[PDB]
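I have placed the structure first, in the form of structure tokens, so that the comments after it can refer back to it.
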Amino acid sequence: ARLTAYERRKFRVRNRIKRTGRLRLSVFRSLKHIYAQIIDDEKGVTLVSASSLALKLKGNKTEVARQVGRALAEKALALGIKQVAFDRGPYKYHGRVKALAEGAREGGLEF
Amino acid sequence: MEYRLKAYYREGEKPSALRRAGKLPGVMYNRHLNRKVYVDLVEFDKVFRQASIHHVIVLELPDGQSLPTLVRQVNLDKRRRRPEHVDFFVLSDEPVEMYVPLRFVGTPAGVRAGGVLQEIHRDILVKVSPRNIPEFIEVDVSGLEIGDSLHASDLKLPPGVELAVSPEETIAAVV
Amino acid sequence: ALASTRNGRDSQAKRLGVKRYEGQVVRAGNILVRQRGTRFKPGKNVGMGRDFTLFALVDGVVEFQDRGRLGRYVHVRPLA
Amino acid sequence: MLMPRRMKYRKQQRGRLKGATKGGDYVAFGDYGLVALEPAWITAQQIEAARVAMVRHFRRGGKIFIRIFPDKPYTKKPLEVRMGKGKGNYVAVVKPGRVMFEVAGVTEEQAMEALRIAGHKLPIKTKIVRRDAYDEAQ
RNA sequence: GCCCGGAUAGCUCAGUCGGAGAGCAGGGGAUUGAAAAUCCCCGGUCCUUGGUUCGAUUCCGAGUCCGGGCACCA
RNA sequence: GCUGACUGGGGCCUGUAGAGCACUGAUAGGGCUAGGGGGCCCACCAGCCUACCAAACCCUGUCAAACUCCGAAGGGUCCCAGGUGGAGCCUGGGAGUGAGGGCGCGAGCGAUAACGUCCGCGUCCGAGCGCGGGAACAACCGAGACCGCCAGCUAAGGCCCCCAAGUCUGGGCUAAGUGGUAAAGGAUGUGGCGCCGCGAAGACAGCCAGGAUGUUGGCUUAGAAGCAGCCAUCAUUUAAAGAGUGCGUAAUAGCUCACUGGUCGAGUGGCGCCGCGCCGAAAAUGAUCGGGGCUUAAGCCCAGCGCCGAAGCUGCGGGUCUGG
RNA sequence: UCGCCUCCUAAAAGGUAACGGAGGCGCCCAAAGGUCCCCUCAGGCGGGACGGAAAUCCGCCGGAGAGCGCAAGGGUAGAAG
RNA sequence: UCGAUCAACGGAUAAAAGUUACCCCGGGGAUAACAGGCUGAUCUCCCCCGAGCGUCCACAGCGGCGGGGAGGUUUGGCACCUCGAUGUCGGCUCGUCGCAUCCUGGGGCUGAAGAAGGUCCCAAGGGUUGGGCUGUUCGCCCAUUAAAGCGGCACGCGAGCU
RNA sequence: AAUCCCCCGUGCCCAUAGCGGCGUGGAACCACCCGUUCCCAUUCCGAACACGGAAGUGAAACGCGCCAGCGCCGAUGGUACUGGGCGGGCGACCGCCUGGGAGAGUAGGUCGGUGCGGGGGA
Ligand SMILES: [Mg+2]
Ligand SMILES: [Mg+2]
Ligand SMILES: [Mg+2]
Ligand SMILES: [Mg+2]
Ligand SMILES: [Mg+2]
Ligand SMILES: [Mg+2]
Ligand SMILES: [Mg+2]
Ligand SMILES: [Mg+2]
Ligand SMILES: [Mg+2]
Ligand SMILES: [Mg+2]
Ligand SMILES: [Mg+2]
Ligand SMILES: [Mg+2]
Ligand SMILES: [Mg+2]
Ligand SMILES: [Mg+2]
Ligand SMILES: [Mg+2]
Ligand SMILES: [Mg+2]
Ligand SMILES: [Mg+2]
Ligand SMILES: [Mg+2]
Ligand SMILES: [Mg+2]
Ligand SMILES: [Mg+2]
Ligand SMILES: [Mg+2]
Ligand SMILES: [Mg+2]
Ligand SMILES: [Mg+2]
Ligand SMILES: [Mg+2]
Ligand SMILES: [Mg+2]
Ligand SMILES: [Mg+2]
Ligand SMILES: [Mg+2]
Ligand SMILES: [Mg+2]
Ligand SMILES: [Mg+2]
Ligand SMILES: [Mg+2]
Ligand SMILES: [Mg+2]
Ligand SMILES: [Mg+2]
Ligand SMILES: [Mg+2]
Ligand SMILES: [Mg+2]
Ligand SMILES: [Mg+2]
Ligand SMILES: [Mg+2]
Ligand SMILES: [Mg+2]
Ligand SMILES: [Mg+2]
Ligand SMILES: [Mg+2]
Ligand SMILES: [Mg+2]
Ligand SMILES: [Mg+2]
Ligand SMILES: [Mg+2]
Ligand SMILES: [Mg+2]
Ligand SMILES: [Mg+2]
Ligand SMILES: [Mg+2]
Ligand SMILES: [Mg+2]
Ligand SMILES: [Mg+2]
Ligand SMILES: [Mg+2]
Ligand SMILES: [Mg+2]
Ligand SMILES: [Mg+2]
Ligand SMILES: [Mg+2]
Ligand SMILES: [Mg+2]
Ligand SMILES: [Mg+2]
Ligand SMILES: [Mg+2]
Ligand SMILES: [Mg+2]
Ligand SMILES: [Mg+2]
Ligand SMILES: [Mg+2]
Ligand SMILES: [Mg+2]
Ligand SMILES: [Mg+2]
Ligand SMILES: [Mg+2]
Ligand SMILES: [Mg+2]
Ligand SMILES: [Mg+2]
Ligand SMILES: [Mg+2]
Ligand SMILES: [Mg+2]
Ligand SMILES: [Mg+2]
Ligand SMILES: [Mg+2]
Ligand SMILES: [Mg+2]
Ligand SMILES: [Mg+2]
Ligand SMILES: [Mg+2]
Ligand SMILES: [Mg+2]
Ligand SMILES: [Mg+2]
Ligand SMILES: [Mg+2]
Ligand SMILES: [Mg+2]
Ligand SMILES: [Mg+2]
Ligand SMILES: [Mg+2]
Ligand SMILES: [Mg+2]
Ligand SMILES: [Mg+2]
Ligand SMILES: [Mg+2]
Ligand SMILES: [Mg+2]
Ligand SMILES: [Mg+2]
Ligand SMILES: [Mg+2]
Ligand SMILES: [Mg+2]
Ligand SMILES: [Mg+2]
Ligand SMILES: [Mg+2]
Ligand SMILES: [Mg+2]
Ligand SMILES: [Mg+2]
Ligand SMILES: [Mg+2]
Ligand SMILES: [Mg+2]
Ligand SMILES: [Mg+2]
Ligand SMILES: [Mg+2]
Ligand SMILES: [Mg+2]
Ligand SMILES: [Mg+2]
Ligand SMILES: [Mg+2]
Ligand SMILES: [Mg+2]
Ligand SMILES: [Mg+2]
Ligand SMILES: [Mg+2]
Ligand SMILES: [Mg+2]
Ligand SMILES: [Mg+2]
Ligand SMILES: [Mg+2]
Ligand SMILES: [Mg+2]
């Protein structure tokens, strides 16, 4: 079975975002951690990084996430960055990933 | 049994001219070498009729070296059906694919007088360490009966080296 | 029918193709390619209309891009 | 007769006889060949006329390969004048250097004498050939 | 000359899955007092020739003895 | 008012020629195999062999405007340069044309017919039926005619005479008047290149010389006892003659060859290729390459040198318009 | 035969003819429309009651040969299904 | 926003079919019928190959399937001069030419005993009948004959006739 | 802090990165995993999606390697074709000059390369 539902859903949501042409606020979330990476395509480049992994914090993976989102805003807004669009990758906008997003205001936003 | 020809070199010298010159444009190569070369037609002809991409050809040419070549391609121009150019493949010690002619040995060997003979190949493609090159392969298999097909490894496979296969194909049969 | 002639039609040429090529100056709205399928996909600063028609979104120059199995792509480069 | 089953289109444009070449030409199945010197549309009925010349020539014996085939539909009008194309009415398009026919499993004098008869039934000049190193291995 | 048709035991004429028929003759039986009628049983180099096919009356191709249709001219 | 046709460079676009078979189809030979044509063992599932059908699949081998895994040369467009041209663009006034034709190339229709027809790209005639060549001839070759000249150089084509200039110079070809013509096909024409079989262990050609044994071969027969015929065509004796290749035929007598010795004495027979020629080759008023006439050429192929040759180019004079 | 669409002809830009070679339209859909979310085919082989070449189911292989209302073409699963 | 097979689909009117050999005018060789021309599918005649028939077989005589041509007499294709006119079938009269020869002359082969034939070659000098039928050409038929030839000449010939 | 190496994201080249085989990795990342109370789920199914987890395992998946059976890529040389210029053939068609020049095929290549960021080692 070639090219799984994961990587279709992946690609589908990604390309739609990439067309609007904002910077990309891209979300990886593993079983353990949740990472978030703000990217400018066409320079093929990451600008503002934020992990739970590098902020070494724990318990309630969601409340961890609102935090790595507030982490990104504070970090990012400091470079001038305000408007972006939310990548959300192959993940339902829900729970942990919704939480990192609604934590990614105080800066950033419309999300 | 052993064949040598001649050879020469070229850089410019439009092939059409050389070709009118009784000569035969060609090229010399292998993993290590590639070089423009011409030969004499009649000469090439007399040998290649025996040699025929089957037995090894030692060329010669100046330097003077003697280069141990297999002929891997011949282009005839289709109108006059006569060679317009030649690939000379030079051997060194690494295994090399090639076409070995086949000796069909026996009598009708079952359904004597007679089956229907039916040779489905004069050749086999086989990987061979150049050093030992099996200048034919006796295929006896006097079992040799109606409707049957020998495939591959049932061939003698003289000492040197293995098939370039496919291990399953058609050699001969009687029907 | 069969013989007398049952044939004899055809339809108007649709005058389809590329209407602006690489390194050619265009204005917002210029249409760059006229085409049947997605034969060229819209790139940077390039729209698609309902009939798959590619237009410049901005003034600029037009650059062509062959992304291999991703298709060919038409963008408009600004300094518009 | 000799003729396809299943055509995709009934009738097809004449086209050129140009650029004598392309495929066939190397004597792949048999002992001697008959090679085509000139271009022509050779007709399903000239082919059969050559075949039967040859099979008649040896004892129902020998083996024959043919190796050109009439897939090109040949139209003709009735003694009308001009409206529509058509009709009817098959050819193989044959350029120089092609081997048609090509016998095997017969003696040299036989093959060569059959092929010479076979050649008389054709609209073009021909050449009889034997077989070669040059006809390679493949 | 010109394009399309059909030969079949002894005469009549089926027989498009490619691997021989019933009638009506004639002989025989049953039936009857004997017959007629009716039912049972009895033998083609399948128009020559070349071809495809392992194999052709049954497919291809003409050519033939013989049936349908065709065109001198203003 | 420098942007024009054309040209140089750079980008992008394309799906034709060629080629390919991956697709859509078609398709030769073989292989291995579903379904069965059914030979039949069944008549229960069975069920094996296929020199018929046969998918797919592998091997070899091809074909296609409406097939394409590929794909040139070219073409188109933009940018930057060259390009001052009876170039370009803008506004406006006056039009005429809207029957085209031949040729070359690419296609379609036609019959791989038409001085056929329909498109494409070029050209020329149209309007250059003005000039030179092609015998003669709108459109093939040469060349764009402002006027004059009893001056020159050339083009195409020519230089034996008609007819201007070579009976020029060298080398080979052809003997048909080919040239001055039409194909398949043919042929010890003729000249060259080549490869192969046999040959001074004396081949080829003639000539001298052997001209089988059992035997009628068994078959078939009045008899075929090779030659009125269907064939077991087999054993032998030799340097060595096929139960016999032909004449013969009252079957036998008589005769010849095959195949052998020997005579003599240097080539012989086979094939392939290129050049020119030869046959194939019959039409209607009188013939002919334009004509005479041409044969180591006045024909054809190769190399050379000169010349002749237009209204083209030049030289001399002049006109008119445009620029300066 | 006459208008419209598709393919070839059409000579790799556009365009290009013939009583050239072949097909289709004169509708349709309140969902067959908009959006957000998810899902991924056809085929082949193996397995499974009634199920057979094909109803449904399970397994593996299957980059698109399926589907996209209808003709063809271009397109298309990184969706247009 | 509606009424259009205004489908001959840029749609003359709101509203429309035939016939003329009783015909007329303006035009056209822009275009048909005749002849010619180009062409040569078709037609007529050669030739190549040579299955096969011919007792056997060198094809004495045949010739399958295919192949290459010649001719320009047929039927056509095209639409080039001629529509300010190139009168058309046939007959008669008068011919003339071609030869792919019907007879006569000279030949070769024969499955030629002779005589008489068959086939092919040379040969265009001359000859090549009279009638019945039909407008006929052609063809059939009667009676003869050395023979009762095939074509071309605007399907020769109407300022020559009919 | 640079540099290298391993992992995790994520771009780019668009198969020389693919299939298949073999081998390898769990400390850390990652995955599978434990559970289904809660957010949220499944035209049935916590399979998927989702959440709260951390006992176990790298079996699957993924990552990293090594093999050329397939797949993919692919010369040089030669031809085909051809812009432009000339010939030849009754024709179908052929040839020469000059400039461009494939496709198939042969040789060979290939079991990927790389940017940004992070986590970890240098
Ligand atoms: Mg079109
Ligand atoms: Mg060929
Ligand atoms: Mg090939
Ligand atoms: Mg033909
Ligand atoms: Mg007409
Ligand atoms: Mg021939
Ligand atoms: Mg009684
Ligand atoms: Mg009784
Ligand atoms: Mg008449
Ligand atoms: Mg300028
Ligand atoms: Mg350019
Ligand atoms: Mg082609
Ligand atoms: Mg194919
Ligand atoms: Mg094509
Ligand atoms: Mg390539
Ligand atoms: Mg400029
Ligand atoms: Mg002007
Ligand atoms: Mg004006
Ligand atoms: Mg017009
Ligand atoms: Mg025109
Ligand atoms: Mg014309
Ligand atoms: Mg013409
Ligand atoms: Mg023109
Ligand atoms: Mg005029
Ligand atoms: Mg002019
Ligand atoms: Mg005149
Ligand atoms: Mg003149
Ligand atoms: Mg003149
Ligand atoms: Mg003159
Ligand atoms: Mg002139
Ligand atoms: Mg002038
Ligand atoms: Mg001269
Ligand atoms: Mg003269
Ligand atoms: Mg003189
Ligand atoms: Mg002289
Ligand atoms: Mg003469
Ligand atoms: Mg002459
Ligand atoms: Mg001389
Ligand atoms: Mg000269
Ligand atoms: Mg002079
Ligand atoms: Mg002056
Ligand atoms: Mg002026
Ligand atoms: Mg297409
Ligand atoms: Mg086009
Ligand atoms: Mg074009
Ligand atoms: Mg219709
Ligand atoms: Mg919806
Ligand atoms: Mg599936
Ligand atoms: Mg399935
Ligand atoms: Mg199943
Ligand atoms: Mg599809
Ligand atoms: Mg469709
Ligand atoms: Mg399509
Ligand atoms: Mg109208
Ligand atoms: Mg109209
Ligand atoms: Mg319109
Ligand atoms: Mg009205
Ligand atoms: Mg009346
Ligand atoms: Mg009156
Ligand atoms: Mg009146
Ligand atoms: Mg009038
Ligand atoms: Mg008439
Ligand atoms: Mg007349
Ligand atoms: Mg006429
Ligand atoms: Mg006239
Ligand atoms: Mg003719
Ligand atoms: Mg003729
Ligand atoms: Mg002849
Ligand atoms: Mg006529
Ligand atoms: Mg006219
Ligand atoms: Mg016309
Ligand atoms: Mg008139
Ligand atoms: Mg007059
Ligand atoms: Mg008059
Ligand atoms: Mg004569
Ligand atoms: Mg006589
Ligand atoms: Mg006589
Ligand atoms: Mg006599
Ligand atoms: Mg005689
Ligand atoms: Mg006479
Ligand atoms: Mg006379
Ligand atoms: Mg009377
Ligand atoms: Mg009559
Ligand atoms: Mg009479
Ligand atoms: Mg007369
Ligand atoms: Mg006439
Ligand atoms: Mg007359
Ligand atoms: Mg009169
Ligand atoms: Mg690829
Ligand atoms: Mg672990
Ligand atoms: Mg552990
Ligand atoms: Mg594992
Ligand atoms: Mg390649
Ligand atoms: Mg190359
Ligand atoms: Mg050229
Ligand atoms: Mg030419
Ligand atoms: Mg290549
Ligand atoms: Mg790999
Ligand atoms: Mg990376
Ligand atoms: Mg780091």
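We place every Cβ from the backbone using ideal geometry, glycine too, and count neighbours over all the protein chains shown. Coordinate-derived values only; no laboratory data.
Would you please name the residue that is nearest to the other protein chains (Cβ to nearest Cβ), looking only at residues in the stretch C:3-23 that are among the aliphatic types (A, V, I, L, M), in a loop (DSSP other than H, G, I, E, B) and surrounded by 10 or more Cβ atoms within 10 Å (Cβ to Cβ)?
So the residue we want is C:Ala3.
In the stretch B:32-64, what residues are among the polar types (S, T, N, Q) and facing chain D (nearest Cβ under 9 Å)?
Residues of the stretch B:32-64 that are among the polar types (S, T, N, Q), as a first pass: B:34, B:50, B:52.
Passing the criteria: B:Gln50, B:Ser52.
Show the residue pairs meeting these rules: Cβ distance below 9 Å; 6+ apart or different chains; first residue within the stretch C:18-37 and over 13 Å from C:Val76 (Cβ atoms); second residue among the acidic types (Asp, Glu) and more than 16 Å from ligand 6 (Cβ to nearest atom).
Here the result reads C:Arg34/C:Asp51; C:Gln35/C:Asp51; C:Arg36/C:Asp51, each pair linking the stretch C:18-37 to a residue that is among the acidic types (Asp, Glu) and more than 16 Å from ligand 6 (Cβ to nearest atom).
Rundown of residues vs (1) on the phi > 0 side of the Ramachandran plot; (2) of a type in the set (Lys, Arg); (3) in a loop (DSSP other than H, G, I, E, B); (4) surrounded by fewer than 17 Cβ atoms within 10 Å (Cβ to Cβ), yes/no style:
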{"site": "C:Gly29", "(1), (2), (3), (4)": "yes, no, yes, yes"}
{"site": "C:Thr38", "(1), (2), (3), (4)": "no, no, yes, yes"}
{"site": "C:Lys44", "(1), (2), (3), (4)": "no, yes, yes, no"}
{"site": "C:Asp51", "(1), (2), (3), (4)": "no, no, yes, yes"}
{"site": "C:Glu63", "(1), (2), (3), (4)": "no, no, no, yes"}
{"site": "C:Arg69", "(1), (2), (3), (4)": "no, yes, no, yes"}
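Specify the residue that is nearest to D:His120 (Cα to Cα); the eligible residues are those in the stretch D:12-62 that are near RNA strand F (Cβ under 8 Å from one of its atoms) and not in a loop (DSSP other than H, G, I, E, B).
D:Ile42
Can you tell me which condition B:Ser92 does not meet? The list is (1) within 14 Å of another protein chain (Cβ to nearest Cβ); (2) surrounded by fewer than 16 Cβ atoms within 10 Å (Cβ to Cβ); (3) of a type in the set (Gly, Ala, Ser), and all the others hold.
The number of the failed condition is (1).
Which ones in the stretch D:81-101 are of a type outside the set (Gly, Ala, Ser) and more than 16 Å from RNA strand I (Cβ to nearest atom)? Working first, answer last.
First, pick out the residues of the stretch D:81-101 that are of a type outside the set (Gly, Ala, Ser): D:81-83, D:85, D:87, D:89-91, D:93-96, D:98-101.
Scanning the stretch D:81-101 gives D:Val81, D:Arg82, D:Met83, D:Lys85, D:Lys87, D:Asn89, D:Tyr90, D:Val99, D:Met100, D:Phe101.
Scan the stretch D:56-71 and report the pairs whose first residue is at negative phi and within 14 Å of chain B (Cβ to nearest Cβ) and whose second residue is away from RNA strand I (no atom under 16 Å from the Cβ) and part of a strand (DSSP E or B), with Cβ atoms within less than 6 Å and a gap of 6+ or a chain change.
So the pair list comes out as D:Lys63/D:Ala104.
Among the residues of the stretch D:30-42, is any over 21 Å from B:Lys78 (Cβ atoms) and away from ligand 1 (no atom under 16 Å from the Cβ)?
No, the conditions are met nowhere in the stretch D:30-42.
In the stretch D:89-138, which residues are surrounded by fewer than 22 Cβ atoms within 10 Å (Cβ to Cβ) and assigned to a helix (DSSP H, G or I)?
Of everything in the stretch D:89-138, those that are surrounded by fewer than 22 Cβ atoms within 10 Å (Cβ to Cβ) and assigned to a helix (DSSP H, G or I) turn out to be D:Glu108, D:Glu109, D:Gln110, D:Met112, D:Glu113, D:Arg116, D:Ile117, D:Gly119, D:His120.
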